[PDB]
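What follows is one structure encoded as structure tokens, with my remarks underneath.
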Amino acid sequence: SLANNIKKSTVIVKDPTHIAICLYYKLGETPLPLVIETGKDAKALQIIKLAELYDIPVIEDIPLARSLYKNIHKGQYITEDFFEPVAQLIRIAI
């Protein structure tokens, strides 16, 4: 469920109108932040529109969104080069 994933997301990082990455982190459940949903083109637009409708935090960070899209697939934990920037994002979001 796309909408359900958006609604549970901790923060969504976007390249405006182009790419959206939904990150999920919960102490005790996720040892590392988890990419739970991704999209490009129309699916990115859908994610961002749902996030706006449901007031889920969205941060514009074009290089991060692009890099996560290329490297961290839906369902995967982030890898080491993303630890700090994604911790930053979760802090801004929370």
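Here the Cβ is made from the backbone with ideal geometry for all residues, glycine too, and neighbour counts use every protein chain on show. Laboratory data are not the source of any read-out in this text; all were calculated from the coordinates shown.
Tell me, which residue of the range 1-53 that is of a type in the set (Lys, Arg) and outside any helix (DSSP H, G or I) is surrounded by the fewest Cβ atoms within 10 Å (Cβ to Cβ)? Working first, answer last.
As a first pass, look at the range 1-53 and keep what is of a type in the set (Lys, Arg): 7-8, 14, 26, 40, 43, 49.
From what is left, the residues that are outside any helix (DSSP H, G or I) are 14, 26, 40.
Values: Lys14: 23, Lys26: 10, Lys40: 15.
Taking the candidates together, the pick is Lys26.
Take the residues of the range 66-82 that are under 12 Å from the mean Cα position of the chain (by Cα) and of a type in the set (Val, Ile, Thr): which is nearest to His18 (Cα to Cα)?
If we take residues in the range 66-82 being under 12 Å from the mean Cα position of the chain (by Cα) and of a type in the set (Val, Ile, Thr), then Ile72 is nearest to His18 (Cα to Cα).
Just to be sure I understand, how many residues within the range 54-94 are outside any helix (DSSP H, G or I), free of Cβ contacts under 8 Å to residues at least 60 places away in the same chain and among the aliphatic types (A, V, I, L, M)?
5
Here's a check for you: in the range 54-90, which residue that is of a type in the set (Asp, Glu) and at negative phi is surrounded by the most Cβ atoms within 10 Å (Cβ to Cβ)?
At the first step, the residues of the range 54-90 found to be of a type in the set (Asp, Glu) are 55, 60-61, 80-81, 84.
Among the residues that remain, those that are also at negative phi are: 60-61, 80-81, 84.
Values: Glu60: 10, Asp61: 18, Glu80: 7, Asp81: 10, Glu84: 9.
It comes out as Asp61.
When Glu52 is evaluated against the numbered criteria (1) over 14 Å from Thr10 (Cβ atoms); (2) under 12 Å from the mean Cα position of the chain (by Cα); (3) not hydroxyl-bearing (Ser, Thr, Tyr), which criterion, by number, is the only one it fails?
Status for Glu52: all satisfied but (2).
For the range 1-19, name all the residues that are in contact (Cβ under 8 Å) with a residue 40 or more places away in the chain and out of contact with any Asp or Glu (no Cβ under 8 Å at 6 or more places or on another chain).
Residues satisfying the conditions are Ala3, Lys7, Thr10, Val11, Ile12, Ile19.
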